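In order, the protein sequences belong to chains V, U, Z and X.
Numbering-wise, PDB author numbering puts 94 at position 64 of the first sequence, and it's gapless, one number per residue.
Numbering-wise, PDB author numbering puts 107 at position 69 of the second sequence, and it's gapless, one number per residue.
Numbering-wise, PDB author numbering puts 41 at position 5 of the third sequence, and it's gapless, one number per residue.
Numbering-wise, PDB author numbering puts 222 at position 194 of the fourth sequence, and it's gapless, one number per residue.
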Amino acid sequence: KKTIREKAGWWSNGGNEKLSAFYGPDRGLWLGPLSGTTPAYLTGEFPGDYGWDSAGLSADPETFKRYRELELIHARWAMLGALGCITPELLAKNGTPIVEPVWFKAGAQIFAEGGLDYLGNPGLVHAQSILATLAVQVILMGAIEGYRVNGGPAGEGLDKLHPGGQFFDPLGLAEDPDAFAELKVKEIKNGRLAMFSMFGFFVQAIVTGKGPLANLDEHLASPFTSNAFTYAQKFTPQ
Amino acid sequence: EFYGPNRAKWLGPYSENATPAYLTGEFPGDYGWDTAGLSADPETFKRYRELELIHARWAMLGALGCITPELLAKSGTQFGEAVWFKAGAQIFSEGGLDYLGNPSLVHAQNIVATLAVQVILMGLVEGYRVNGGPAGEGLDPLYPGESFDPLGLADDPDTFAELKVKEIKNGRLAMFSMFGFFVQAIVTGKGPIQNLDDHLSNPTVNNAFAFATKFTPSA
Amino acid sequence: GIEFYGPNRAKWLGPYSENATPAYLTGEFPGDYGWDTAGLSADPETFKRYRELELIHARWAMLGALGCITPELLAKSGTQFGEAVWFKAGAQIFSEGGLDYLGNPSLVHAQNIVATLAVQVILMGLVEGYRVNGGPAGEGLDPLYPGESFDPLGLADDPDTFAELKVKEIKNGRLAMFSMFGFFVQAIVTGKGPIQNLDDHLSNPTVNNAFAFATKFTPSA
Amino acid sequence: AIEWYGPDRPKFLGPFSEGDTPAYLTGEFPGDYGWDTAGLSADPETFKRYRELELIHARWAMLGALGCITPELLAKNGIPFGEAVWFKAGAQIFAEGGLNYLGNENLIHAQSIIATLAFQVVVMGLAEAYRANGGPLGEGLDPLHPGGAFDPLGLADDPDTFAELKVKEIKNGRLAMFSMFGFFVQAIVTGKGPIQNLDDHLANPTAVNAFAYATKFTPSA
Ligand code: CHL
Ligand code: CHL
Ligand code: CHL
Ligand code: CHL
Ligand code: CLA
Ligand SMILES: CC1=C[C@H](O)CC(C)(C)[C@H]1/C=C/C(C)=C/C=C/C(C)=C/C=C/C=C(C)/C=C/C=C(C)/C=C/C1=C(C)C[C@H](O)CC1(C)C
Ligand SMILES: CC1=C[C@H](O)CC(C)(C)[C@H]1/C=C/C(C)=C/C=C/C(C)=C/C=C/C=C(C)/C=C/C=C(C)/C=C/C1=C(C)C[C@H](O)CC1(C)C
Numbered sequence: 031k032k033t034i035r036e037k038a039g040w041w042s043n044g045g046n047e048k049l050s051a052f053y054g055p056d057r058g059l060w061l062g063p064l065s066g067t068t069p070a071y072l073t074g075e076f077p078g079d080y081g082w083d084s085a086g087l088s089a090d091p092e093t094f095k096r097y098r099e100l101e102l103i104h105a106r107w108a109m110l111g112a113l114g115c116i117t118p119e120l121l122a123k124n125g126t127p128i129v130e131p132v133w134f135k136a137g138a139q140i141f142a143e144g145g146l147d148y149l150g151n152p153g154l155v156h157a158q159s160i161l162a163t164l165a166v167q168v169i170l171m172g173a174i175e176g177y178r179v180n181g182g183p184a185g186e187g188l189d190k191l192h193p194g195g196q197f198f199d200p201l202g203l204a205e206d207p208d209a210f211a212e213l214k215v216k217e218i219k220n221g222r223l224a225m226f227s228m229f230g231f232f233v234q235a236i237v238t239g240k241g242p243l244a245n246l247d248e249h250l251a252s253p254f255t256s257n258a259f260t261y262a263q264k265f266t267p268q
Numbered sequence: 039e040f041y042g043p044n045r046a047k048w049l050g051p052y053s054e055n056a057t058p059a060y061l062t063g064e065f066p067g068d069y070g071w072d073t074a075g076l077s078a079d080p081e082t083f084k085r086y087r088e089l090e091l092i093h094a095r096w097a098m099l100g101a102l103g104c105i106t107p108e109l110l111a112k113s114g115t116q117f118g119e120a121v122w123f124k125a126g127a128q129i130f131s132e133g134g135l136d137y138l139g140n141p142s143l144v145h146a147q148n149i150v151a152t153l154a155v156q157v158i159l160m161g162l163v164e165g166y167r168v169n170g171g172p173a174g175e176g177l178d179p180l181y182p183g184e185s186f187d188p189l190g191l192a193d194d195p196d197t198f199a200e201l202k203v204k205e206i207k208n209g210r211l212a213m214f215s216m217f218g219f220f221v222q223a224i225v226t227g228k229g230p231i232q233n234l235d236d237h238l239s240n241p242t243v244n245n246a247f248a249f250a251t252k253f254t255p256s257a
Numbered sequence: 037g038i039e040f041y042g043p044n045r046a047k048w049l050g051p052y053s054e055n056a057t058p059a060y061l062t063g064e065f066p067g068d069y070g071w072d073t074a075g076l077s078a079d080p081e082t083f084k085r086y087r088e089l090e091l092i093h094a095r096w097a098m099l100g101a102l103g104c105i106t107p108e109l110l111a112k113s114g115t116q117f118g119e120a121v122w123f124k125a126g127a128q129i130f131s132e133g134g135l136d137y138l139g140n141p142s143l144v145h146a147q148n149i150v151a152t153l154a155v156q157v158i159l160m161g162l163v164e165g166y167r168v169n170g171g172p173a174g175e176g177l178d179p180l181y182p183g184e185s186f187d188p189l190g191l192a193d194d195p196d197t198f199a200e201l202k203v204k205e206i207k208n209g210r211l212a213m214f215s216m217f218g219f220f221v222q223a224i225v226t227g228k229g230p231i232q233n234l235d236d237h238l239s240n241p242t243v244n245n246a247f248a249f250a251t252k253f254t255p256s257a
Numbered sequence: 029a030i031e032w033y034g035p036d037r038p039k040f041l042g043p044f045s046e047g048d049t050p051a052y053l054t055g056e057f058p059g060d061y062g063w064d065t066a067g068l069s070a071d072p073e074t075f076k077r078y079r080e081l082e083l084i085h086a087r088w089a090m091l092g093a094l095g096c097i098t099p100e101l102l103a104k105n106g107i108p109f110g111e112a113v114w115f116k117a118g119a120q121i122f123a124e125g126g127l128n129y130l131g132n133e134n135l136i137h138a139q140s141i142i143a144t145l146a147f148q149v150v151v152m153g154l155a156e157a158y159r160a161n162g163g164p165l166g167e168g169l170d171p172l173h174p175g176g177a178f179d180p181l182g183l184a185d186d187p188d189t190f191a192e193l194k195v196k197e198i199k200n201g202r203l204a205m206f207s208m209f210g211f212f213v214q215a216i217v218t219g220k221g222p223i224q225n226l227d228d229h230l231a232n233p234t235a236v237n238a239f240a241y242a243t244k245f246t247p248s249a
């Protein structure tokens with residue numbers, strides 16, 4: 031029936047069952063084969079439908095599309111966070127002199143003597159005041175996040191989650207229909223992974239107080255002694 | 039009572055208009071308390087009923103699994119660590135996790151292997167809850183029967199509904215008790231039957247108001 | 037050439053076998069040399085169960101012969117194992133330092149034979165109940181040659197050579213079954229590995245054959 | 029699940045037993061679990077003789093599994109009679125005073141194995157040949173379950189619980205044959221009594237199990 035090079039997926043022209051496992055009723059689910067009754071409103075026409083509405087918060091379709099909006103915005107913010115949490119630590123272990131490269135203590139860098147050196151360099155950003163930084167942040171973010179919901183200079187009548195015009199798809203990866211529908215579920219799966227990992231960053235910063243790459247090195251050195259259970263005795267109520 | 043439009047309600051005599059119109063008395067413990075309207079949609083009502091009964095049975099199992107080492111500490115077996123918010127530290131001890139203080143009965147050493155075996159059994163038995171399996175197949179996901187009732191107390195449907203409302207009332211009381219255990223573990227630091235021993239030692243000082251000050255910031 | 041199916045095929049006595057073959061061995065099955073001189077498979081359902089037994093014995097004996105030859109060849113090439121000889125490779129779980137897989141301590145490092153046997157019982161009961169009934173790797177399939185999860189390389193297509201591959205599988209399986217019986221009896225009467233017995237027979241074949249061990253299991257003592 | 033007959037019945041692979049249970053095993057006999065993976069009993073005459081042989085093996089194994097445990101079970105109470113194990117129990121015939129039944133000297137206390145052997149040969153040939161053919165208690169009846177004087181207590185009536193007790197008898201008998209094979213190999217490998225093996229396992233299970241005796245039959249040569 032099917033030869034060896036088609037089973038490996040050599041030919042990307044005759045792939046029409048690529049969206050069959052992520053959209054439609056014959057897709058992968060949350061508990062796999064141990065999830066029979068898919069919720070009847072999660073029909074799989076949206077990216078990331080693993081049939082998971084166990085708390086039932088998204089039965090109404092208006093609430094469901096608002097939760098889809100919140101999920102994708104939180105997904106992209108946590109993706110930018112989980113890239114922007116480890117990369118100061120990665121560049122400090124590189125040798126670039128970032129003076130406080132852990133993400134949970136990087137906000138206190140602007141209360142130092144020399145302000146906020148960006149890559150550890152006074153030739154860079156060198157921001158001193160937290161007040162003007164938060165002021166230009168709330169002005170710029172008010173303009174951008176207000177342009178987001180009802181359009182603006184980078185698109186007006188486009189989709190509220192996937193505009194993809196000349197500004198938000200400048201490389202043009204989503205010109206094809208099937209490629210856009212596949213990279214939608216790729217985006218939301220990477221975003222759910224990064225949301226889970228940012229929750230892990232929050233809990234790891236709370237109960238350990240060290241760097242996430244420091245946590246990775248202290249798990250690589252001793253996996254069985256330095257697990258999450260050696261810090262399980264840190265919130266015992268006395 | 040306990041079913042129909044003339045059943046026991048959450049305000050009692052003052053509960054003829056505050057009860058929502060969509061909380062009609064067919065489901066167990068329908069006391070008419072949806073003051074935030076979260077179970078207005080029927081799918082939200084069904085999913086919240088599933089969450090309520092599963093949280094109920096997990097809470098009563100947790101209540102007995104928390105207080106029975108305390109009652110056995112009253113009885114006389116010492117335990118690795120009777121205190122339920124210090125009970126996980128038995129596997130971190132030198133002798134390991136002895137079950138009833140018996141070193142030749144469990145003697146658990148690896149917490150990582152305990153979590154691995156625990157997740158390997160619990161993921162399977164939690165995924166079997168959704169779509170049948172070796173126990174059942176396609177029953178009511180909240181009241182399966184026919185494999186988990188070896189005595190089978192679900193014969194008469196009136197007594198079945200009576201046992202349903204008894205279960206969900208014991209379950210609301212159990213989640214109430216487990217929430218109490220949670221928020222009186224963190225403010226006292228003593229076991230719950232030990233807090234009962236404090237409150238029975240002197241009832242007017244060993245209250246929650248003896249520890250009502252400790253959570254002020256104070257710079 | 038020589039074929040292995042039909043009314044005339046490769047038979048068990050060779051050229052002196054046209055009267056020797058039974059009536060029920062018409063030759064539609066792989067490995068039908070017509071050797072049923074004791075008549076064990078005259079009933080066709082007994083014959084079907086015996087074909088399943090022969091093929092599963094054949095595959096397990098092929099795996100077993102490769103696993104009896106493999107660590108001894110790796111020991112004679114480069115690798116210090118725990119105990120590369122196959123009939124003493126079980127007790128490495130009692131070597132007080134673990135069962136190193138390729139001799140390296142970074143490997144599986146097993147020390148508890150009861151847990152090893154227990155997870156083997158669980159996994160083997162699961163996989164053999166899948167083999168006789170069905171499961172995640174195919175539900176409705178042939179009980180001996182399932183395919184489409186045990187042929188990812190597609191060698192069962194073009195079924196005229198899939199019949200030849202069935203005959204090749206049963207022939208290497210019968211050779212491996214014969215070789216596993218030889219491994220067992222050689223382990224019993226020589227006490228050394230099959231490759232150690234091969235090096236012995238290659239050194240001096242006149243006295244490192246079997247007849248030097250003919251007086252070993254004597255009935256006097 | 030409350031049936032041991034019919035098409036749907038308890039089976040030897042549990043939920044893995046739909047692809048098993050061939051057409052000639054229909055559940056019409058006591059103890060049918062669909063275990064004929066070897067395919068030895070396709071012919072119902074062969075199946076009938078195998079069922080008779082299995083059930084008389086079941087009766088003799090239930091006799092044996094209790095007759096091997098009771099000498100060590102009365103040695104638990106402290107009654108000393110020569111030796112308590114079953115596999116070295118015959119040599120008490122050749123003792124200084126002969127094999128005693130309960131140790132008290134006014135009991136059976138026979139000395140010659142050949143005379144009681146001849147008595148056993150004659151009365152057991154007569155009894156077993158009456159079992160096969162027929163004698164003074166029923167001539168032509170069931171070769172499996174005669175009844176009559178074999179049921180003086182009236183359990184052969186009401187045939188549904190007769191079938192239920194047939195399944196109970198074959199299940200306890202199969203457990204007894206499994207236990208007796210285990211008795212034989214615990215005598216062979218360990219060399220001590222089975223109740224002594226139970227005491228050694230209850231005293232120390234983790235190091236004293238069968239895997240402790242796994243290196244005994246290793247051929248040194
Ligand atoms: C058939 C087996 C199978 C099992 C058991 C699971 C299990 C799960 N999947 Mg799924 N999957 C399975 C098949 C498949 N999944 C997926 C793809 C996915 C995705 C994309 C996702 C899941 C997710 C989930 C989770 C959804 C429920 C949940 O949130 O639990 C939560 C509860 C627990 C995990 C138990 C609690 C943990 C612990 C054991 C107990 C607590 C321990 C602490 C010590 C307690 C102390 C804390 C104190 C201080 C309060 C669940 C863990 C979701 C997920 O990852 O959520 C986290 C998710 O996004 N699965 C595919 C591909 C199609 C499958 C194919 O077969
Ligand atoms: C006739 C009088 C009557 C009234 C007024 C009520 C009303 C109530 N019933 Mg009730 N019932 C009454 C009779 C009856 N009930 C029931 C059957 C039930 C059931 C089954 C249930 C109730 C429950 C409740 C409670 C729901 C509202 C709530 O949660 O409190 C909200 C208000 C507060 C929580 C205020 C608390 C008081 C105090 C100010 C707290 C102190 C504050 C802290 C110091 C602040 C915290 C500090 C910081 C650190 C956070 C409430 C006490 C429910 C319940 O028990 O929920 C808890 C429930 O499940 N009723 C029956 C049987 C037919 C009755 C007979 O007449
Ligand atoms: C079923 C196939 C199988 C075979 C052929 C063997 C082979 C052997 N194991 Mg092994 N094992 C097998 C399964 C398993 N073993 C082990 C774990 C161990 C340990 C820990 C040890 C052994 C040892 C031994 C040797 C016993 C010494 C002896 O008496 O030599 C004389 C006998 C022979 C050379 C041939 C014996 C074969 C037999 C007479 C004919 C074949 C019949 C089948 C074995 C029966 C079918 C089995 C069924 C139930 C599937 C023997 C060569 C011991 C050893 O090697 O230490 C020195 C030892 O310590 N095995 C596990 C758990 C992981 C098994 C599970 O599958
Ligand atoms: C038929 C059942 C039967 C069985 C299983 C045995 C078993 C045994 N008798 Mg024995 N006897 C039996 C009937 C009789 N015996 C005797 C009289 C004696 C005497 C005087 C002595 C024995 C001894 C022995 C033991 C030899 C020690 C040994 O070599 O260990 C290796 C063997 C095993 C560990 C058991 C292995 C089981 C076996 C290989 C498989 C079982 C199937 C059999 C081949 C089939 C049984 C034979 C059939 C045809 C009737 C051996 C366990 C000797 C003894 O106990 O001292 C050491 C001894 O001195 N027997 C009489 C005459 C009354 C019998 C008549 O019923
Ligand atoms: C020698 C004793 C003996 C005999 C003659 C039979 C005969 C039979 N059994 Mg029974 N059975 C036995 C022992 C025996 N069994 C034991 C000990 C068990 C428990 C494990 C069972 C459990 C069992 C079940 C659950 C079922 C049967 C069934 C059957 C019938 C068809 C299967 C068949 O062809 O077996 C033919 C068997 C033989 C010819 C005996 C050969 C003995 C060899 C030498 C054993 C070799 C294996 C190995 C070396 C020793 C055991 C290893 C390990 C398990 C310890 C047939 C009447 C099925 C049936 O139709 O029900 C009536 C059925 O459902 N039997
Ligand atoms: C699905 C479902 C279903 C069922 O039925 C029900 C339920 C369960 C309810 C559900 C679930 C849900 C969930 C899971 C949720 C979660 C979420 C998350 C985790 C998020 C994250 C989230 C996360 C996030 C956002 C994050 C973000 C991040 C950011 C911004 C950034 C940050 C940063 C950085 C760069 C670094 C520096 O130094 C600073 C900072 C600034 C710090
Ligand atoms: C045909 C006919 C006909 C007529 O009629 C009759 C008659 C004659 C009867 C018949 C015949 C038959 C025969 C020949 C048989 C034989 C068989 C065999 C040998 C098998 C094996 C078989 C064999 C087998 C399976 C085997 C397998 C094996 C294995 C797994 C192994 C494993 C192992 C290894 C790796 C190594 C390590 O360290 C250990 C062990 C564990 C040891």
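Virtual Cβ for every residue (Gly too), placed ideally from N, Cα, C.
- By the criterion of a C-beta distance shorter than 6 Å, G241 (chain V) is surrounded in its chain by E119, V132, once the five residues flanking it on both sides are discounted.
- The closest heavy atom of ligand 2 lies 6 Å or more from the beta carbon of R45 (chain U).
- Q222 (chain Z) counts as buried, since at least 16 other C-beta atoms from the protein chains shown sit within 10 angstroms of its C-beta.
- Counting C-beta atoms within 10 angstroms of its own C-beta, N124 (chain V) has fewer than 16 neighbours from the protein chains shown and is therefore classed as exposed.
- At least one heavy atom of ligand 1 lies closer than 6 Å to the C-beta of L64 (chain V).
- The beta carbon of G150 (chain V) sits closer than 8 Å to the beta carbons of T126, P127, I128, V129 from its chain, once the five residues preceding and following it are set aside; these are given in chain order.
- With a threshold of 16 other beta carbon atoms within 10 Å, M160 (chain U) falls short and is exposed.
- Our two residues, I107 (chain X) and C96 (chain X), have alpha carbons roughly 16 Å apart in a direct line.
- The C-alpha of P267 (chain V) is placed about 32 Å away from the C-alpha of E88 (chain U).
- Distance from the C-beta of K220 (chain X) to the nearest heavy atom of ligand 4 is not below 6 Å.
- Within the region 124-186 of chain X, there are no complete beta strand (DSSP E) runs of at least 3 residues.
- Relative to ligand 1, the beta carbon of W122 (chain U) is positioned no closer than 6 Å to any heavy atom.
- Against chain X, the CB of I224 (chain Z) has a partner CB under 7 Å away; the residue lies at that interface.
- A246 (chain U) carries a helical assignment under DSSP once its states are collapsed to helix, strand and coil.
- Proximity of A151 (chain Z) to chain X, defined by a Cβ-Cβ separation below 7 Å, is not satisfied.
- Under the criterion of beta carbons closer than 8 Å, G176 (chain X) and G162 (chain X) do not qualify as touching, at roughly 11 Å.
- Contacts with chain U at 7 Å (Cβ-Cβ) include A85 (chain V).
- Note that the C-beta distance between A97 (chain Z) and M216 (chain Z) is below 7 Å.
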